[PDB]
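One protein chain, two forms: both are listed below as structure tokens, the first as structure 1 and the second as structure 2.
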Structure 1
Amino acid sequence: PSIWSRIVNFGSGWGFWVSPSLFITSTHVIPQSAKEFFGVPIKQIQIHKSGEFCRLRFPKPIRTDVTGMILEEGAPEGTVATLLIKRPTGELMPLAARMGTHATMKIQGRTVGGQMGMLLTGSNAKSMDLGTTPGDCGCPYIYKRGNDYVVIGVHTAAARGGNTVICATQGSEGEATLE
């Protein structure tokens, strides 16, 4: 099956099926108060919210047609990852983005954390087919390792110019404390 089949509507945004039981999305697109997800009661779902990242594990497999997939935390700096954007009009937009350091961004009255990236379309990211839109939150960032696909996070925010984007990852890594 196609990889785009793993990207489904969820709340006000999108979500990605990493496996028949694992489903990742952005936190600010989840329904604020719901009773069930994909026919499963909320109490029977293992839900982990780490910053803007959100993961859902189900007690029984849901999407039995997809296979397991690698979910790393970010990508090496300089990697040209791909954001897979789905629009409600039916279009599929693979947008390339060079990934940089992890960072926080001041947006609205708050701050949003994740790995920073810059789209390769440059200033042309103001166009609708060359950049992101707030409705694309939850769409996945992936890149190819060998002959396999690796998802590193989901779209959560973009800067005022639209060129710089933020990828929500499983969590930030602090430096160790030895002995």
Structure 2
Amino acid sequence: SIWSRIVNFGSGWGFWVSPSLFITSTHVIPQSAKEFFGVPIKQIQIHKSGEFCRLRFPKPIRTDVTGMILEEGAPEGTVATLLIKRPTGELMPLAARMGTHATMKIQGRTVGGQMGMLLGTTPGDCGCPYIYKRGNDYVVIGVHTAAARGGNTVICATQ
């Protein structure tokens, strides 16, 4: 069901934090769109923080979902879940030990987020959420935006 909150968005994915809040990667959002989920884009309030893209809709869109906790990253050492959906529809939950929070430079651009280590990702996976459980509540910490071409290093864009 939480998987139902991940939906094809442009060249990547996005996630319904609530019935009205939708988050994605800044590299994924369709730049020349005049409508999202039937809503005129003029009616949608979009905020961009580096690679974190945040879409507040005027009315609730996903009335079936509940509002989730959204925070700027996770505590260091937290083993997070990277909920990756592939174009085939396959579900690919990946374990990632979250690392330090920082302003990072990625392909010349400045990105606020949190490094992680997979315990693979591909171009089409951007916009997919990082989530961990804290008590009884699941917590969204950000969206996938990059991965180093060396070893295991993923970037979760935050804020």
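The term rigid core refers to the most C-alpha atoms you can superpose between the two forms while keeping them within 1.5 Å. Numbering runs along the sequence of structure 1, starting at 1.
Residue showing a 2 Å-or-more C-alpha displacement between structure 1 and structure 2 once the rigid core is overlaid, selected from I107, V80, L71, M93: The one that shifts is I107.
Distance the CA of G162 travels between structure 1 and structure 2 [rigid core superposed, Å]: A shift of 5.2 Å at the C-alpha.
Displacement in Å of the C-alpha of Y149 between structure 1 and structure 2, rigid core kept as reference: Its C-alpha position differs by 0.5 Å.
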